[PDB]
Each structure stands twice: as C-alpha cells, then as structure tokens.
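Okay, structure first, notes after.
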Amino acid sequence: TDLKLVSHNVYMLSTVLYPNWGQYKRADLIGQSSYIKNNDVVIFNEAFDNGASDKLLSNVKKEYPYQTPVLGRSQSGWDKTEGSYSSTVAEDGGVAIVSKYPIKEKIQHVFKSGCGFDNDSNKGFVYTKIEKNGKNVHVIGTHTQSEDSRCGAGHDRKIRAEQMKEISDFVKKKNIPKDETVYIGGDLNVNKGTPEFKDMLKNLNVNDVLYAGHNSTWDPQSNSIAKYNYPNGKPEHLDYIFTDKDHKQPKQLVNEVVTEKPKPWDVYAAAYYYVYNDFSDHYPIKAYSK
C-alpha cells in the first residue's frame, strides 16, 4: 500500500480579487507538467478560485479519476463535514485530494483555531481513505495558518500548533488500525531547521523524513512569482508530506522538492507587462520511498 504522492500549493487566488495572476493559464500548465503525473495521490492547496480550480481538477481527472470536493465549498460530496464549517465566509479552504485509486471515505474539517486574514477562510484539512491492492491507506491534506504580519508574533505559531493538534486529534479519534499508513501533507507553514519544526513533529505526531532536490519550497531567489511578491524574501521550506508515527511507516519516506518550470507565460495588464515561468509561488513536493 505505499504511495507516490505530490503536494502542491498552486496559488489559485480569486480571479475577482486578483484578475491577472494567470490562474487559468497555470491550471493548464500544471495539468501539462511532468511532476503532477505518474503519482498515486495529489494534494492541492490554495485552490481558491472556483473556476480556475475546477479547471485544474478537470485537467488531472483522467489520471486521477477519484477526487474530493474543495475543502469548505459546500457540504455536498462529503461523507462528513466537521470543524467550524461556515456557509458565510468568502473563501473556501482551498484543499483538495485526487487519486488514481478509489476513495472509499472523504471527510472535511474546517479548523476551529485561527486569526486574522484566514478568519474569512474555511481553512482546514481533508481526510481520505483510499483502496490500493484491496488494502487501505489514508491521506490527509492541509494548509495551516500563514506567517501573518498582522496577526501576532507569536500568535501565528500558536494558531499553527492548535491546528496541527486538530489533525492529530482527528487521527487518534478515528481509530485507524496501526497496520495502515496515515500520510499528512501540505503547506504546513513551519520552516525547516527552526525551533518550531520540532513542535510540528510533536503536534502532528509524525517522524521526520529524508529530503531531496531543492532546499526551499517558497523561494524568492529562484521562483519568479515568489521573486515578484517578496524580492527581499528569505527562502523557506514550508511544504511537507509526513506519516503518523504510530501507524505503519513507508519503506523509507523521502520528500523531494521539485523545481520543474513551465514554458514562460505572460500577463498583459495593463499598465505593466510581466512574464513568469513558474506554476505557483511554491514548489511542489514529491514523496515516495526508493
């Protein structure tokens, strides 16, 4: 039952709020990439714009026919909705999972804990149980509180801690048999090599993994989109795919930071002209065992 997975924060911002960030162009370019292909399961984050996200999901439906709805959009299509699911917030949670293998159960949980700008988001996690070779494996995808310059120091870190405890509490209460692996992945917004990183491993109840490829997932030094948004940005390693430490481990789990880039694409607005050559301001991660 072990898996090859990808997790990618696709930066599919509202096309109303941000009409010119190439959302649709990138949904196509992502669908045409090599990194999204030839995996078992893909976790998306920041699939916020309904049209652009729905198009991305359709662009990968042939290879990954079993798909969750996007977190926080509605109660339809889910076996269970939990957490602080609100009908009244402006934005869905932007998390979805697609699979080559049948999804047997799918649950969305909107985080009870938050701030901020993320107050107006059904942010949270999506749980799936998937059947591969007659046996089960479990994948949770998530996207936690960002480092907000308005929410406290301090507070963003405490928000992430509680949100991670929501995930690990859910895992415990689900009583998943320990002979089945539970992957937990996405943009966890904790930087590698920091004191908070040790906290994340405890709060999520996960072992660390081996790492490959690039040394950052949000990188203004080499990513054209990240470069624009924060030119003076410190690269960080924020996206991960882990497994619960009390359940069956993969053979030897690796997270590889993938730096594949699409052909250059432009935004003419309108005003300024700009060219970019990335899928998102984050780099995807590929997880597997060799």
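Residue numbering restarts at 1 in every chain; chains get A, B, ... in the order shown in the structure tokens, and ligands count up from 1 in that same order.
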
Region 266-274 of chain A environment, 8 Å, only C-alpha atoms, sequence neighbours closer than 2 positions dropped, as a ChimeraX atom specification: /A:20-22,264,276

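Every protein or nucleic acid residue with an atom no more than 8 Å from residue 30 (chain A), counting only C-alpha atoms and leaving out same-chain residues fewer than 4 positions away, appears here: residues 26, 36, 56, 262 and 279 of chain A.
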
Generate a file of the selected residues that holds C-alpha atoms, formatted as an mmCIF file, in the first residue's frame.
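Result saved to part_34.cif:
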data_model
loop_
_atom_site.group_PDB
_atom_site.id
_atom_site.type_symbol
_atom_site.label_atom_id
_atom_site.label_comp_id
_atom_site.auth_asym_id
_atom_site.auth_seq_id
_atom_site.Cartn_x
_atom_site.Cartn_y
_atom_site.Cartn_z
ATOM 1 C CA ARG A 26 -1.422 27.940 -14.844
ATOM 2 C CA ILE A 36 1.767 16.086 -11.379
ATOM 3 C CA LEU A 56 -7.126 22.275 -12.722
ATOM 4 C CA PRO A 262 6.583 25.607 -17.344
ATOM 5 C CA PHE A 279 3.413 27.044 -11.744
#

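If only C-alpha atoms are the atoms counted, then among A:85, A:227, A:43, A:76 the closest residue to residue 140 (chain A) is A:43.
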
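Proximity of A:113, A:136, A:129, A:179 to residue 156 (chain A), computed with only C-alpha atoms, is greatest for A:113.
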
Nearby residues (only C-alpha atoms) at most 8 Å from region 167-175 of chain A, same-chain spacing under 6 positions excluded, as a PyMOL selection string: chain A and resi 125+203-205

Every residue of region 63-193 of chain A that DSSP places in helix (DSSP H, G or I), as a PyMOL selection string: chain A and resi 118-120+155-174

Using C-alpha atoms, can you export the residues from the last selection as a compact mmCIF listing (two decimals), in the first residue's frame?
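Printed below is part.txt as written:
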# COMPACT_ATOMS: atom_id res chain seq x y z
CA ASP A 118 -7.57 33.47 7.45
CA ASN A 119 -10.70 34.10 9.55
CA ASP A 120 -12.58 34.50 6.28
CA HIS A 155 0.08 34.19 17.51
CA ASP A 156 0.58 32.61 14.03
CA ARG A 157 2.79 30.00 15.65
CA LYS A 158 0.19 29.30 18.37
CA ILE A 159 -2.53 29.13 15.68
CA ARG A 160 -0.50 26.53 13.69
CA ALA A 161 0.11 24.48 16.86
CA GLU A 162 -3.60 24.18 17.65
CA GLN A 163 -4.47 23.49 14.01
CA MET A 164 -1.94 20.66 13.95
CA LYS A 165 -3.40 19.32 17.18
CA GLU A 166 -6.82 19.32 15.43
CA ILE A 167 -5.30 16.98 12.81
CA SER A 168 -3.53 14.66 15.25
CA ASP A 169 -6.68 14.57 17.47
CA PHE A 170 -8.78 13.61 14.43
CA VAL A 171 -6.28 10.83 13.60
CA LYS A 172 -6.43 9.43 17.16
CA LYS A 173 -10.22 9.60 17.37
CA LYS A 174 -10.59 7.88 14.04
